[PDB]
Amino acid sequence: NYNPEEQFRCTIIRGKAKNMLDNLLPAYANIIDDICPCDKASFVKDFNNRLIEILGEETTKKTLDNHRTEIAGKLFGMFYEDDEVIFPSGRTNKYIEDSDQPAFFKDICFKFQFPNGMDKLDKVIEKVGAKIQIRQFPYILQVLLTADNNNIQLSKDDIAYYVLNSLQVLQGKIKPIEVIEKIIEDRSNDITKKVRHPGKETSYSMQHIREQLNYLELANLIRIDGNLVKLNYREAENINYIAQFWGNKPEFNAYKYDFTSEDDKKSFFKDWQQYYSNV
């Protein structure tokens, strides 16, 4: 049976654009749209030179680079490479046309999965090694729906401990009602569970979990009321479109690549980006 005591830290990339998103997301998209298509060499130079206008002249090159690769590149999936040329992604193209930010993040939540090609290779191998396989946002949404169906409300710490840091859940072995019943069982016994790591600061334990919830909120699919996570039923149709895939294996199969192969390694990251960023 479901045992959440098997805990597993499974990160997503650390954010850089939340505080200024309403400025940075248009800037990312406009920069990429303007300067692409171009060679990788030009991309790096012109992107950084345009972004520094938004972030401030004292921004280091390292920070501009990290914005480019970690956020515009991996996490938000805003460009991709084919041959030796960089192009705007399908997600970027759509946003250029509709300016729809909740749609942008709905698409991110729909496609997000563990394992993925955003992570460093060694981290990929860890997550594959632990047999992780989940579409976490469909899963989170179904957990929230099942909690409502059973007349209980979940906290961020509940989602953190029982879902996004639970090995068995992340392995796709667990039904949302199992999670809900366990939570009810624990609560009756006066047991409240939080994600904890010895000697570590809260950001280590929780930032990637909170930020995953942030992207659901940016997608307009949930609200956060104090420590509580609540569904936005004004978006009930969109909630159900995503939640329905809670029990599906990841659309992108990380497990068909041999990471000891130089060619398979390159394909992994190329195939991931294609799946995640484009139509």
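The numbering used is simple: start at 1 and walk along the sequence shown.
On average the C-alpha atoms of 254 to 262 have higher B-factors than those of the other stretch, with 15 to 23 and 254 to 262 being the two compared.
Stretches compared: 77 to 85, 195 to 203. Higher mean C-alpha B-factor in the entry: 77 to 85.
Listed residues 68, 210, 230, 50 were ranked by CA B-factor as deposited; 50 comes out on top. Within the listed group 100, 185, 157, 107, the record reports its top CA B-factor for 185. When the modelled residues of the chain are ordered by C-alpha B-factor, residue 118 sits in the lowest third.
Ranked by Cα temperature factor within the chain, residue 168 sits in the middle third according to the deposited record.
In this PDB entry, the Cα temperature factor of residue 149 sits in the middle third of its chain's modelled residues. Looking at the C-alpha B-factors along this chain, the one for residue 140 belongs to the lowest third. In this PDB entry, the Cα temperature factor of residue 218 sits in the bottom third of its chain's modelled residues, the lowest group.
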